[PDB]
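Visitor: The following block contains the structure, expressed as structure tokens.
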2 protein chains.
Amino acid sequence: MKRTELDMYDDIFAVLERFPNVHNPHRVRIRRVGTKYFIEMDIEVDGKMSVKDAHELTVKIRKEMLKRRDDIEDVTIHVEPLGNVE
Amino acid sequence: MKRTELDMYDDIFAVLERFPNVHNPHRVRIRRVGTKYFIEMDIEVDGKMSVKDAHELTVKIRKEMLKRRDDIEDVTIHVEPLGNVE
């Protein structure tokens with residue numbers, strides 16, 4: 001770990017806190033490629049949430065991530081039920 | 001493309017046909033690493049399907065994939081709503 005690598009995790013977790021139905025963000029990983037960064041993560045949602053709603057959630061999360069940092073190129077979000085065993 | 005690369009896509013698509021609520025499998029990709037193969041795909045499900053049910057579906061699909069071919073090491077499945085715009 002280094003200080004710059006921390007600022008980024010702080011901003012990612014900072015954006016997720018905005019979303020009340022996002023739970024237990026984990027496997028949060030960053031890759032650097034030139035100027036721009038690629039972000040991947042798992043989130044948990046109520047098992048009763050529809051695929052429509054969960055998909056809309058990941059679209060809005062990526063949108064907010066890209067608005068926050070001008071150096072994030074893409075964000076991929078895997079959706080799991082609350083209390084998943086991978 | 002080569003003949004051996006076809007046999008594999010045939011077996012993957014052959015297993016998905018087993019599942020009636022799996023729709024429009026796409027971005028179906030194979031990576032070779034030594035003896036064993038890594039499979040990634042997108043599927044579409046009814047937007048009204050729960051995250052619990054969709055997750056259970058991907059678990060059963062991976063299980064059936066691994067049972068069919070002894071040379072598949074892992075299978076990751078992305079779930080989208082019917083008629084998704086990536």
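Going by the structure tokens order, chains are called A, B, ..., each with residues numbered from 1, while ligands are numbered from 1 in the order shown.
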Counting only C-alpha atoms, a student should be able to say which residues of chain A come within 12 Å of chain B; what is the right answer, written as JSON, numbers by chain?

Guide: {"A": [43, 44, 45, 46, 47, 48, 49, 50, 51, 52, 53, 54, 55, 56, 58, 59, 76, 77, 78, 79, 80, 81, 82, 83, 84, 85, 86]}

Visitor: List every residue of region 1-54 of chain A that DSSP, applied to the backbone of this structure, places in alpha helix (DSSP H), and write the result as a PyMOL selection string.

Guide: chain A and resi 3-16+51-54

Visitor: Provide the CA of residue 61 (chain B) to CA of residue 75 (chain A) distance in Å, to one decimal place.

Guide: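 Rounded to one decimal, the two atoms are 25.4 Å apart.
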
Visitor: From the options A:29, A:2, A:64, A:70, which residue's atoms come nearest to residue 14 (chain A), counting only C-alpha atoms?

Guide: A:64

Visitor: Ranking B:5, B:11, B:40, B:17 by minimum distance to residue 69 (chain B) and counting only C-alpha atoms, which one comes first?

Guide: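 Of B:5, B:11, B:40, B:17, the one nearest residue 69 (chain B) is B:11, counting only C-alpha atoms.
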
Visitor: Using only C-alpha atoms for the distances, tell me which of B:3, B:18, B:68, B:62 is nearest to residue 39 (chain B).

Guide: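 Smallest separation from residue 39 (chain B) among the options: B:62.
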